[PDB]
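Visitor: What follows is a single structure, and I will ask about it in a moment.
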Amino acid sequence: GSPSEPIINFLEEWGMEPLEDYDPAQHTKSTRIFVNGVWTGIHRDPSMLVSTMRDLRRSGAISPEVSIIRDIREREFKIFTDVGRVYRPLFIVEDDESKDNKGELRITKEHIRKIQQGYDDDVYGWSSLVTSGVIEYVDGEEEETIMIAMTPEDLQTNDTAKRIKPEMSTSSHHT
Amino acid sequence: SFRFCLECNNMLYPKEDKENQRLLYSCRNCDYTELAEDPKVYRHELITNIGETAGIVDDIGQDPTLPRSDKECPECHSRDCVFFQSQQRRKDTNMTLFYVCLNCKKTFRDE
Amino acid sequence: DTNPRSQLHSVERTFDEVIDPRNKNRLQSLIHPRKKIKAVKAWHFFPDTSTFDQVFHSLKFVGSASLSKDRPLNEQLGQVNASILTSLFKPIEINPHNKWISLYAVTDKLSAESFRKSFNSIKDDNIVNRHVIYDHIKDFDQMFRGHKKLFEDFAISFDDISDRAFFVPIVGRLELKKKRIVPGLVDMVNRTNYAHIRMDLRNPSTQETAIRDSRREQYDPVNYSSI
Amino acid sequence: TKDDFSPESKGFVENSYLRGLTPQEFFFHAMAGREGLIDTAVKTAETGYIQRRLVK
Amino acid sequence: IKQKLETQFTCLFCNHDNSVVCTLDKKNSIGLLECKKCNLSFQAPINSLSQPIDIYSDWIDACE
Amino acid sequence: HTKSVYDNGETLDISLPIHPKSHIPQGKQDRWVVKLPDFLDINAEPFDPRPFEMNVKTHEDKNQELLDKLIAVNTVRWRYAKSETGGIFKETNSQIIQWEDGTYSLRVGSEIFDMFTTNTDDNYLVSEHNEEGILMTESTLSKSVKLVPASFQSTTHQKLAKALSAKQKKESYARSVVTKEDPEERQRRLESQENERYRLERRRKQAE
Amino acid sequence: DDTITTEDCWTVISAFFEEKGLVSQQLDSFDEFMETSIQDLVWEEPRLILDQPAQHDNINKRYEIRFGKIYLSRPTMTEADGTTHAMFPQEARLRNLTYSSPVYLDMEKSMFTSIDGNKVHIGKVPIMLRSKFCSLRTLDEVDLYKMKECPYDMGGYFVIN
Amino acid sequence: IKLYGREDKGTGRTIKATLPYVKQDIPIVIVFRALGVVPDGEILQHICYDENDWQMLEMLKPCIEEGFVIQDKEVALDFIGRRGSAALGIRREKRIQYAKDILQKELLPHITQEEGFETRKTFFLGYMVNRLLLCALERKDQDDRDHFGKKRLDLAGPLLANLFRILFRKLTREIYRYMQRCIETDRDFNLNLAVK
Amino acid sequence: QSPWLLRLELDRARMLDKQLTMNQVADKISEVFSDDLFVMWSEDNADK
Ligand SMILES: [Zn+2]
Ligand SMILES: [Zn+2]
Ligand SMILES: [Zn+2]
């Protein structure tokens, strides 16, 4: 459980406009914004907002257990800071097109050796991994909007004993 | 789409003038009355198709969970496209696919 | 940099690094941190001295009370119209429970245009007695929300010749909605408002001008302090 | 990915027990086994009631 | 169709309780409150959503 | 035809005092309403360096002190600048920058905050005349403008993030203490005293 | 860089279990309840008000009491003879006691009059073992043996009777 | 917010909302006007977001037709208050005040509680009605009850908080009763005896 | 008679599939409503 006031402050700072400035005829394409189940405002460029909120959560500014969900089909952008939500950690794959590291795990052998040593080179544990943007928690509702790889071997494209991996030929490419 | 009174904002109901034999829309809380342009007072569709292709948004290409295909766009002729089945989910819904390009976002089918 | 000396030094550093709007080369030197786009035009940001004495409120129409939506009202008042730009509002409250706002405007376009030109050209000490008659148009229900802080909202006005931008404080927001008068109260309604209101333009009295100058003395004392 | 009707995407375990199950097949097979357990534990009481009524 | 219902309201003239019967006629859009002891009759218009509480409140307002 | 309700024709001969304006808008009586962010402040008062230096406040709470420092360094201010010719001029530390795309940005020092404009209809600015109880219109508020930090790397955004991240870290309300005796001792001793004075009071009342 | 293998995944999982543990959710929830939840529950209704317009000379007297801070202590055992001493979970288990700690509340009484209080003990809250308010949170490895506590015990449970 | 009327049954498909401390269901137009939005165009703006969607409009038509009888804020508040399950015979002014109390508070309390802050409640009613109609029109699947992302787990924290809230309210009531009993003596109670 | 026109379009595909005749539908409506309603039906060769 976390207080929702910082979330509202960040949302207002990053261009969200409250309900009294809303007309259904005018904002026929804006995206609604829910915080802990209450409709608090609308936004016209949800993509940059969700990117900013996610980056803030990965940098540790927002509590890592805060759930950030974007429903593109329904034009909604929900945020949860509630208490009692079951989450689990996952690796983060660099999905920025502009980045040279696109489609690769963010965690590298440097992080592994830092973890083994126990300290950084100017205590380094699990929380340091979470706040350094290489691992993040997702709950049962944020999992609806993500594409997960089963193993790091899945991130890149005749024996009778070894098992058979899914072909996954329906998609020309995966992100 | 139905209209409302321009000074009372209430709903205008259809009415017929006996002496003039004309269709009019008249408010009930006010004397405002406006001439009717179309004779289609009421329409009910037993079998409807709305909600099948209307479920389109401009940023549907930002969803990572959607499959990506290589169908040719009639408008942009791009090599990358995203397809999905009908958003309407009645029990007797067809399974036809709707393909959306990343530039023009035109919805089309392979039929 | 919690040292007060450091904060003061930061203040003078910010003051000194102001870019001259006439300096085209230095303006082109500035680049957007993210857009990576050169600057085209600049304006100084200054407060307004002659308007701090007055009280400004942001007035908005909610829902069907939109003047654009009201087609006959817009047609009567003109399809920017000077009549809208010269309208008058009269808040009248019979009791705490019953409250409304009265709207007045100049139906004639020539009279409204002359009044607007006279009002927007007040830079001298000679004002003609423009006995302009205002006609009632409509009444709306009102609600008000106040700003806890003084400068919560501010409206920005521009001045290209001086390359400045003047901002004024906003005290509160007033919302108006269409109100349907109850048929059982029209008898008292006819005794509340008026069919016409006459506005006479006169030069402000010396005492009232001195009071306004004393009010403005909080902001600018160099040019308005009493001697 | 969304809208995937391939056999492996809706619970077709291609492997054998000797070969071993992939995590997705493991989860689907666990779902089916849970359904079997629930069905047994629920139908037993209904059958008992039916037999008691018949005997009476 | 006139509808006759026994109500637990209190008469303001006789002060006897549980002696009020509400008679509403939807066909003519009227509602009658009669005191089983005082024999007083109160008439008020009714709407499509009217209920005995509506006529009771109208009677209360008329009384004061 | 909704007939006009008011036909008495009664008229008020009220004359309003109006003051000349220091500036006049050209071509359009349009103004932009801008919401003030928490990290940005307006100081209409002329900048007085000595009172500012003498009134800087230091607090134990690091988050509050950092927020105050950020708002103070980002506050829009102005001061009188003595011209080289001996005259006095109004000098400000804030400017408005328009880029090639047409967007506008509010600049204080080296900080740049972008402006997001949404068109608003039937929104006007009025001047309040409380002594006469009437409202005089001023101009039209065509656009509502929001102020947004330019980028993550901006110092204002980083300071805000630091302040808000460390603000929610501090949370400890219950204060520990050490118990040296039985917590129930006070209740039992006071009950004994109350029973004693009950017995004494009963005896006194029976003797009274 | 270099590729990430399965052994690196197990290194990361080992780091996770080194920080969190297996019963971290129980302890975290209880620490949250003790640190902040009790105070907010008290402040939900922070005023008890009684008033009296005495005419028996209109003297309107209002008697109001306010609830202040919450003071917590380490679990303590009060014997029959009267002596009180620190209590550790093994003694509570052996003697069928309850591992709980007193809760003290500040009550401030006000006497409003218009003519027209210290740490009071409110109860004992059981303490979850190995939580922030348990006596075993400290004591390192060596002293855990002297107290007859298994170092493999993970806590996360209460001891009632 | 129940949607009455089966497929081709029950005449109009009216929508009746259920409010706390109210004995009977109330049509949605009446509660909308009670919050303070009387014109029908504004209500349709609040509910729908696409005027071309004539299906939801024709679904809403029976509700407007049913609620046409009430055309003012105060009369709507009085109608809400009459069924407010309060004391019988309450005066009209007190009925309206009771309706304002039960409408500001206890109606979507998670949104807000302060005065002059009811526009958000109207917008949320619009959202709820929009969702109800959208699912009724079969355009979306009904919300999955077994979806584990919509569940919450109560650990030691919340459970102990609920229990302690109950027990502390009991203790407060005991202190109140003891204070009432002991003021009769007009004694300086130690306040260390009132508590148990 | 009243000026209010009530018309309805029949799906040609299913109408053919059910092996029905427009005259048959009109006759059924007339039988169930006697002469209370005047009914006209388009020919089978019409577009709709
Ligand atoms: Zn009307
Ligand atoms: Zn394209
Ligand atoms: Zn009687």
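Going through the structure tokens in order, the chains are called A, B, and so on, while each chain numbers its residues from 1 and the ligands are numbered from 1 in the order shown.
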Can you tell me, as a PDB file with N, CA, C and O atoms, in the first residue's frame, which residues in chain A count as alpha helix (DSSP H) by DSSP?
Guide:
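Saved to part_28.pdb:
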```
ATOM      1  N   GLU A   5      -1.126  10.468  -3.428  1.00  0.00           N
ATOM      2  CA  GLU A   5      -0.896  11.890  -3.681  1.00  0.00           C
ATOM      3  C   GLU A   5       0.284  12.151  -4.608  1.00  0.00           C
ATOM      4  O   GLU A   5       0.149  12.989  -5.519  1.00  0.00           O
ATOM      5  N   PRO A   6       1.453  11.517  -4.442  1.00  0.00           N
ATOM      6  CA  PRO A   6       2.531  11.747  -5.418  1.00  0.00           C
ATOM      7  C   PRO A   6       2.143  11.380  -6.836  1.00  0.00           C
ATOM      8  O   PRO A   6       2.576  12.045  -7.783  1.00  0.00           O
ATOM      9  N   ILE A   7       1.336  10.333  -7.013  1.00  0.00           N
ATOM     10  CA  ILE A   7       0.909   9.953  -8.353  1.00  0.00           C
ATOM     11  C   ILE A   7       0.071  11.056  -8.977  1.00  0.00           C
ATOM     12  O   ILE A   7       0.257  11.415 -10.145  1.00  0.00           O
ATOM     13  N   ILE A   8      -0.866  11.617  -8.208  1.00  0.00           N
ATOM     14  CA  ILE A   8      -1.692  12.704  -8.718  1.00  0.00           C
ATOM     15  C   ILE A   8      -0.834  13.916  -9.040  1.00  0.00           C
ATOM     16  O   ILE A   8      -1.047  14.596 -10.049  1.00  0.00           O
ATOM     17  N   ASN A   9       0.145  14.216  -8.183  1.00  0.00           N
ATOM     18  CA  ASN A   9       1.019  15.355  -8.442  1.00  0.00           C
ATOM     19  C   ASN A   9       1.797  15.169  -9.737  1.00  0.00           C
ATOM     20  O   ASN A   9       1.887  16.087 -10.557  1.00  0.00           O
ATOM     21  N   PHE A  10       2.362  13.978  -9.942  1.00  0.00           N
ATOM     22  CA  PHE A  10       3.097  13.716 -11.176  1.00  0.00           C
ATOM     23  C   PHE A  10       2.184  13.807 -12.389  1.00  0.00           C
ATOM     24  O   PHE A  10       2.559  14.385 -13.419  1.00  0.00           O
ATOM     25  N   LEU A  11       0.977  13.249 -12.288  1.00  0.00           N
ATOM     26  CA  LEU A  11       0.048  13.289 -13.413  1.00  0.00           C
ATOM     27  C   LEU A  11      -0.323  14.720 -13.770  1.00  0.00           C
ATOM     28  O   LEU A  11      -0.325  15.090 -14.950  1.00  0.00           O
ATOM     29  N   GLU A  12      -0.627  15.545 -12.768  1.00  0.00           N
ATOM     30  CA  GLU A  12      -0.940  16.943 -13.038  1.00  0.00           C
ATOM     31  C   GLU A  12       0.258  17.680 -13.612  1.00  0.00           C
ATOM     32  O   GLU A  12       0.101  18.529 -14.493  1.00  0.00           O
ATOM     33  N   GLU A  13       1.458  17.369 -13.125  1.00  0.00           N
ATOM     34  CA  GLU A  13       2.655  18.029 -13.628  1.00  0.00           C
ATOM     35  C   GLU A  13       2.896  17.695 -15.093  1.00  0.00           C
ATOM     36  O   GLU A  13       3.346  18.547 -15.865  1.00  0.00           O
ATOM     37  N   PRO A  46      -1.581   9.814 -24.267  1.00  0.00           N
ATOM     38  CA  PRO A  46      -1.306   8.816 -23.225  1.00  0.00           C
ATOM     39  C   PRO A  46       0.016   8.090 -23.394  1.00  0.00           C
ATOM     40  O   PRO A  46       0.536   7.564 -22.405  1.00  0.00           O
ATOM     41  N   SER A  47       0.574   8.039 -24.604  1.00  0.00           N
ATOM     42  CA  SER A  47       1.788   7.261 -24.824  1.00  0.00           C
ATOM     43  C   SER A  47       2.968   7.844 -24.057  1.00  0.00           C
ATOM     44  O   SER A  47       3.669   7.130 -23.328  1.00  0.00           O
ATOM     45  N   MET A  48       3.203   9.148 -24.205  1.00  0.00           N
ATOM     46  CA  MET A  48       4.306   9.762 -23.479  1.00  0.00           C
ATOM     47  C   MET A  48       4.066   9.728 -21.977  1.00  0.00           C
ATOM     48  O   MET A  48       5.020   9.599 -21.202  1.00  0.00           O
ATOM     49  N   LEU A  49       2.808   9.813 -21.549  1.00  0.00           N
ATOM     50  CA  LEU A  49       2.513   9.773 -20.121  1.00  0.00           C
ATOM     51  C   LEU A  49       2.829   8.406 -19.533  1.00  0.00           C
ATOM     52  O   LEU A  49       3.426   8.308 -18.455  1.00  0.00           O
ATOM     53  N   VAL A  50       2.428   7.335 -20.220  1.00  0.00           N
ATOM     54  CA  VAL A  50       2.710   6.004 -19.694  1.00  0.00           C
ATOM     55  C   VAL A  50       4.206   5.729 -19.738  1.00  0.00           C
ATOM     56  O   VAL A  50       4.757   5.114 -18.818  1.00  0.00           O
ATOM     57  N   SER A  51       4.895   6.209 -20.776  1.00  0.00           N
ATOM     58  CA  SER A  51       6.346   6.060 -20.815  1.00  0.00           C
ATOM     59  C   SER A  51       7.006   6.772 -19.640  1.00  0.00           C
ATOM     60  O   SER A  51       7.902   6.218 -18.992  1.00  0.00           O
ATOM     61  N   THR A  52       6.568   7.996 -19.346  1.00  0.00           N
ATOM     62  CA  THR A  52       7.147   8.746 -18.236  1.00  0.00           C
ATOM     63  C   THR A  52       6.872   8.075 -16.899  1.00  0.00           C
ATOM     64  O   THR A  52       7.771   7.965 -16.059  1.00  0.00           O
ATOM     65  N   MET A  53       5.634   7.632 -16.676  1.00  0.00           N
ATOM     66  CA  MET A  53       5.307   6.987 -15.409  1.00  0.00           C
ATOM     67  C   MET A  53       6.095   5.699 -15.231  1.00  0.00           C
ATOM     68  O   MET A  53       6.598   5.413 -14.137  1.00  0.00           O
ATOM     69  N   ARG A  54       6.221   4.909 -16.298  1.00  0.00           N
ATOM     70  CA  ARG A  54       6.976   3.668 -16.209  1.00  0.00           C
ATOM     71  C   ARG A  54       8.451   3.936 -15.938  1.00  0.00           C
ATOM     72  O   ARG A  54       9.073   3.249 -15.121  1.00  0.00           O
ATOM     73  N   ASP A  55       9.029   4.942 -16.602  1.00  0.00           N
ATOM     74  CA  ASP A  55      10.428   5.271 -16.352  1.00  0.00           C
ATOM     75  C   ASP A  55      10.634   5.771 -14.930  1.00  0.00           C
ATOM     76  O   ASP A  55      11.645   5.458 -14.294  1.00  0.00           O
ATOM     77  N   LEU A  56       9.688   6.557 -14.415  1.00  0.00           N
ATOM     78  CA  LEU A  56       9.777   7.018 -13.034  1.00  0.00           C
ATOM     79  C   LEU A  56       9.724   5.847 -12.064  1.00  0.00           C
ATOM     80  O   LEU A  56      10.472   5.813 -11.081  1.00  0.00           O
ATOM     81  N   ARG A  57       8.837   4.883 -12.315  1.00  0.00           N
ATOM     82  CA  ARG A  57       8.762   3.718 -11.442  1.00  0.00           C
ATOM     83  C   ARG A  57      10.047   2.905 -11.500  1.00  0.00           C
ATOM     84  O   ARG A  57      10.520   2.400 -10.477  1.00  0.00           O
ATOM     85  N   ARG A  58      10.625   2.763 -12.694  1.00  0.00           N
ATOM     86  CA  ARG A  58      11.868   2.009 -12.820  1.00  0.00           C
ATOM     87  C   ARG A  58      13.036   2.729 -12.166  1.00  0.00           C
ATOM     88  O   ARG A  58      13.971   2.076 -11.689  1.00  0.00           O
ATOM     89  N   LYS A 109      26.265  -9.044 -17.566  1.00  0.00           N
ATOM     90  CA  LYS A 109      27.166  -9.731 -16.649  1.00  0.00           C
ATOM     91  C   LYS A 109      27.759  -8.790 -15.612  1.00  0.00           C
ATOM     92  O   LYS A 109      28.196  -9.250 -14.553  1.00  0.00           O
ATOM     93  N   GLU A 110      27.795  -7.486 -15.893  1.00  0.00           N
ATOM     94  CA  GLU A 110      28.282  -6.539 -14.898  1.00  0.00           C
ATOM     95  C   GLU A 110      27.393  -6.533 -13.665  1.00  0.00           C
ATOM     96  O   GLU A 110      27.889  -6.521 -12.533  1.00  0.00           O
ATOM     97  N   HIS A 111      26.075  -6.554 -13.863  1.00  0.00           N
ATOM     98  CA  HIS A 111      25.165  -6.631 -12.725  1.00  0.00           C
ATOM     99  C   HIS A 111      25.352  -7.937 -11.966  1.00  0.00           C
ATOM    100  O   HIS A 111      25.292  -7.960 -10.733  1.00  0.00           O
ATOM    101  N   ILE A 112      25.575  -9.035 -12.687  1.00  0.00           N
ATOM    102  CA  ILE A 112      25.772 -10.325 -12.032  1.00  0.00           C
ATOM    103  C   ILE A 112      27.023 -10.300 -11.167  1.00  0.00           C
ATOM    104  O   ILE A 112      27.019 -10.784 -10.027  1.00  0.00           O
ATOM    105  N   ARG A 113      28.116  -9.742 -11.687  1.00  0.00           N
ATOM    106  CA  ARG A 113      29.339  -9.698 -10.897  1.00  0.00           C
ATOM    107  C   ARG A 113      29.210  -8.729  -9.730  1.00  0.00           C
ATOM    108  O   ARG A 113      29.782  -8.973  -8.662  1.00  0.00           O
ATOM    109  N   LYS A 114      28.452  -7.641  -9.897  1.00  0.00           N
ATOM    110  CA  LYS A 114      28.191  -6.755  -8.769  1.00  0.00           C
ATOM    111  C   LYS A 114      27.396  -7.467  -7.685  1.00  0.00           C
ATOM    112  O   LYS A 114      27.666  -7.296  -6.491  1.00  0.00           O
ATOM    113  N   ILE A 115      26.403  -8.265  -8.081  1.00  0.00           N
ATOM    114  CA  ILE A 115      25.616  -9.018  -7.112  1.00  0.00           C
ATOM    115  C   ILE A 115      26.494 -10.019  -6.378  1.00  0.00           C
ATOM    116  O   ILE A 115      26.401 -10.171  -5.155  1.00  0.00           O
ATOM    117  N   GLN A 116      27.358 -10.720  -7.113  1.00  0.00           N
ATOM    118  CA  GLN A 116      28.237 -11.700  -6.482  1.00  0.00           C
ATOM    119  C   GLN A 116      29.209 -11.038  -5.513  1.00  0.00           C
ATOM    120  O   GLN A 116      29.447 -11.554  -4.416  1.00  0.00           O
ATOM    121  N   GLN A 117      29.787  -9.899  -5.902  1.00  0.00           N
ATOM    122  CA  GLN A 117      30.691  -9.190  -5.002  1.00  0.00           C
ATOM    123  C   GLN A 117      29.962  -8.703  -3.760  1.00  0.00           C
ATOM    124  O   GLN A 117      30.464  -8.848  -2.638  1.00  0.00           O
ATOM    125  N   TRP A 126      19.197  -7.130  -4.192  1.00  0.00           N
ATOM    126  CA  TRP A 126      18.031  -7.241  -5.056  1.00  0.00           C
ATOM    127  C   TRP A 126      17.357  -5.890  -5.260  1.00  0.00           C
ATOM    128  O   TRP A 126      16.931  -5.560  -6.374  1.00  0.00           O
ATOM    129  N   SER A 127      17.248  -5.097  -4.195  1.00  0.00           N
ATOM    130  CA  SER A 127      16.605  -3.793  -4.315  1.00  0.00           C
ATOM    131  C   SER A 127      17.374  -2.888  -5.264  1.00  0.00           C
ATOM    132  O   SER A 127      16.778  -2.077  -5.982  1.00  0.00           O
ATOM    133  N   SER A 128      18.701  -3.010  -5.283  1.00  0.00           N
ATOM    134  CA  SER A 128      19.490  -2.242  -6.236  1.00  0.00           C
ATOM    135  C   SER A 128      19.166  -2.648  -7.664  1.00  0.00           C
ATOM    136  O   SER A 128      19.100  -1.797  -8.556  1.00  0.00           O
ATOM    137  N   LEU A 129      18.963  -3.944  -7.904  1.00  0.00           N
ATOM    138  CA  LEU A 129      18.537  -4.386  -9.227  1.00  0.00           C
ATOM    139  C   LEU A 129      17.183  -3.799  -9.592  1.00  0.00           C
ATOM    140  O   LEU A 129      16.980  -3.347 -10.723  1.00  0.00           O
ATOM    141  N   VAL A 130      16.245  -3.795  -8.646  1.00  0.00           N
ATOM    142  CA  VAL A 130      14.909  -3.289  -8.946  1.00  0.00           C
ATOM    143  C   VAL A 130      14.945  -1.795  -9.251  1.00  0.00           C
ATOM    144  O   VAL A 130      14.306  -1.330 -10.201  1.00  0.00           O
ATOM    145  N   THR A 131      15.692  -1.020  -8.466  1.00  0.00           N
ATOM    146  CA  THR A 131      15.720   0.425  -8.663  1.00  0.00           C
ATOM    147  C   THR A 131      16.656   0.868  -9.777  1.00  0.00           C
ATOM    148  O   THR A 131      16.615   2.039 -10.160  1.00  0.00           O
TER     149      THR A 131
END
```
Visitor: Got a sec to pull out which chain B residues are within 10 Å of chain I, counting only C-alpha atoms, and send them as a list in words?
Guide: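 Interface list for chain B against chain I: residues 16, 21, 39, 40, 41, 42, 43, 44, 45, 46 and 47 of chain B.
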Visitor: Output C-alpha atoms of each residue in that selection to a file, as a short mmCIF file (atom, residue, chain, number, x, y, z; two decimals), in the first residue's frame.
Guide:
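Output (out_13.cif):
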```cif
data_model
loop_
_atom_site.label_atom_id
_atom_site.label_comp_id
_atom_site.auth_asym_id
_atom_site.auth_seq_id
_atom_site.Cartn_x
_atom_site.Cartn_y
_atom_site.Cartn_z
CA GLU B 16 -47.79 16.17 -36.90
CA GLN B 21 -49.97 17.84 -42.84
CA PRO B 39 -39.46 11.31 -42.83
CA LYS B 40 -37.62 8.47 -41.02
CA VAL B 41 -39.18 8.98 -37.60
CA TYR B 42 -37.98 5.67 -36.14
CA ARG B 43 -35.75 2.81 -37.27
CA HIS B 44 -35.04 -0.54 -35.61
CA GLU B 45 -32.48 -3.01 -36.95
CA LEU B 46 -33.21 -6.68 -36.31
CA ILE B 47 -29.77 -7.70 -37.63
#
```
Visitor: By how many Å are CA of residue 35 (chain B) and CA of residue 71 (chain C) apart?
Guide: 15.7 Å
Visitor: Which residues are near ligand 1 - at most 12 Å, using only C-alpha atoms and all ligand atoms? Format: as a PDB file with C-alpha atoms, in the first residue's frame.
Guide:
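Now in part-v4.pdb:
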```pdb
ATOM      1  CA  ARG B   3     -31.813  16.758 -31.844  1.00  0.00           C
ATOM      2  CA  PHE B   4     -32.713  18.797 -28.766  1.00  0.00           C
ATOM      3  CA  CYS B   5     -34.358  22.146 -28.108  1.00  0.00           C
ATOM      4  CA  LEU B   6     -31.998  25.041 -28.798  1.00  0.00           C
ATOM      5  CA  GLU B   7     -33.271  27.057 -25.812  1.00  0.00           C
ATOM      6  CA  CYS B   8     -34.502  24.401 -23.353  1.00  0.00           C
ATOM      7  CA  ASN B   9     -31.945  21.644 -24.202  1.00  0.00           C
ATOM      8  CA  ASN B  10     -34.688  19.052 -23.665  1.00  0.00           C
ATOM      9  CA  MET B  11     -35.439  16.339 -26.193  1.00  0.00           C
ATOM     10  CA  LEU B  12     -37.615  17.290 -29.160  1.00  0.00           C
ATOM     11  CA  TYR B  13     -40.411  14.839 -29.920  1.00  0.00           C
ATOM     12  CA  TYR B  25     -40.278  18.264 -33.714  1.00  0.00           C
ATOM     13  CA  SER B  26     -41.737  19.924 -30.623  1.00  0.00           C
ATOM     14  CA  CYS B  27     -40.388  20.235 -27.106  1.00  0.00           C
ATOM     15  CA  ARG B  28     -42.716  19.388 -24.228  1.00  0.00           C
ATOM     16  CA  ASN B  29     -41.542  21.893 -21.596  1.00  0.00           C
ATOM     17  CA  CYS B  30     -41.535  24.760 -24.114  1.00  0.00           C
ATOM     18  CA  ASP B  31     -43.391  25.989 -27.184  1.00  0.00           C
ATOM     19  CA  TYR B  32     -40.333  25.659 -29.436  1.00  0.00           C
ATOM     20  CA  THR B  33     -41.032  23.744 -32.642  1.00  0.00           C
TER      21      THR B  33
ATOM     22  CA  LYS C 178     -28.923  27.640 -18.022  1.00  0.00           C
ATOM     23  CA  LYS C 179     -31.701  28.259 -15.492  1.00  0.00           C
ATOM     24  CA  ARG C 180     -35.391  27.670 -16.207  1.00  0.00           C
ATOM     25  CA  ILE C 181     -37.442  30.210 -14.261  1.00  0.00           C
TER      26      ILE C 181
ATOM     27  CA  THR F   2     -40.610  32.930 -25.908  1.00  0.00           C
TER      28      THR F   2
ATOM     29  CA  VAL H  38     -31.402  19.037 -15.104  1.00  0.00           C
ATOM     30  CA  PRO H  39     -31.324  19.386 -18.939  1.00  0.00           C
ATOM     31  CA  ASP H  40     -31.466  16.176 -20.946  1.00  0.00           C
ATOM     32  CA  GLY H  41     -28.772  17.221 -23.415  1.00  0.00           C
ATOM     33  CA  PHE H  68     -39.660  13.360 -17.683  1.00  0.00           C
ATOM     34  CA  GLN H  71     -37.879  18.669 -14.148  1.00  0.00           C
TER      35      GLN H  71
END
```
Visitor: Could you pull out the strand (DSSP E or B) residues of region 43-134 of chain C, going by DSSP on the backbone, and write them as a list in words?
Guide: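 Of region 43-134 of chain C, only residues 43, 44, 45, 46, 47, 55, 56, 57, 58, 59, 60, 61, 88, 89, 90, 91, 92, 100, 101, 102, 103, 104, 105, 132, 133 and 134 of chain C fall in strand (DSSP E or B).
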Visitor: Using only C-alpha atoms and all ligand atoms, find each residue with an atom at most 6 Å away from ligand 3 and format the answer as a count of residues only.
Guide: 8
Visitor: Please determine the contact residues of chain F with respect to chain C at a cut-off of 7 Å, counting only C-alpha atoms, and supply them as an MDAnalysis selection string.
Guide: chainID F and resid 6:22 24:25 31:36 42 44:45 49 53 56 73 92:100 109 122:128 133:137 139 150:151
Visitor: Could you list, as a PyMOL selection string, every residue of chain A that has an atom within 10 Å of an atom of chain D, counting only C-alpha atoms?
Guide: chain A and resi 146-148+150+160-171+174
Visitor: For residue 73 (chain B), list every protein, DNA or RNA residue within 9 Å, evaluated using only C-alpha atoms, and leave out those in the same chain fewer than 4 positions away; present the list as a ChimeraX atom specification.
Guide: /B:77-81,99-101,104,106,108
Visitor: Excluding residue 179 (chain F) and residues on its chain fewer than 4 positions from it, collect all residues at most 12 Å away from it, counting only C-alpha atoms, and give them as a PyMOL selection string.
Guide: (chain F and resi 183-185) or (chain G and resi 71-78+83-86+101-104+119+121)
Visitor: Name all residues at most 12 Å from residue 5 (chain G) (count only C-alpha atoms; drop same-chain ones fewer than 3 positions away) and give them as a list in words.
Guide: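 Listing them by chain and then by number gives residues 105, 107, 108, 109, 112, 151, 152 and 153 of chain A; 2, 8, 9, 10, 11 and 12 of chain G.
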Visitor: Can you tell me, as a VMD selection string, what residues are no more than 12 Å from region 92-96 of chain B when counting only C-alpha atoms, ignoring any on the same chain fewer than 6 positions away?
Guide: (chain B and resid 47 to 49 51 to 53 83 to 86 107 to 111) or (chain D and resid 3 to 5) or (chain H and resid 138 to 139)
Visitor: Looking at only C-alpha atoms, which of H:124, H:49, H:178, H:54 is the one that sits closest to residue 107 (chain H)?
Guide: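 Closest candidate: H:124.
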Visitor: What are the nearest atom pairs, with distances in Å to one decimal, for all residues of chain F that come at most 7 Å from chain G, using only C-alpha atoms, set out by chain and rising residue number as JSON lines?
Guide:
```
{"residue": "F:172", "atom": "CA", "partner": "G:35", "partner_atom": "CA", "distance": 5.7}
{"residue": "F:173", "atom": "CA", "partner": "G:36", "partner_atom": "CA", "distance": 5.5}
{"residue": "F:174", "atom": "CA", "partner": "G:70", "partner_atom": "CA", "distance": 5.3}
{"residue": "F:175", "atom": "CA", "partner": "G:71", "partner_atom": "CA", "distance": 5.1}
{"residue": "F:176", "atom": "CA", "partner": "G:72", "partner_atom": "CA", "distance": 4.9}
{"residue": "F:177", "atom": "CA", "partner": "G:73", "partner_atom": "CA", "distance": 5.1}
{"residue": "F:178", "atom": "CA", "partner": "G:73", "partner_atom": "CA", "distance": 5.6}
{"residue": "F:179", "atom": "CA", "partner": "G:73", "partner_atom": "CA", "distance": 6.6}
{"residue": "F:181", "atom": "CA", "partner": "G:84", "partner_atom": "CA", "distance": 6.0}
{"residue": "F:182", "atom": "CA", "partner": "G:78", "partner_atom": "CA", "distance": 6.2}
{"residue": "F:183", "atom": "CA", "partner": "G:121", "partner_atom": "CA", "distance": 6.2}
```
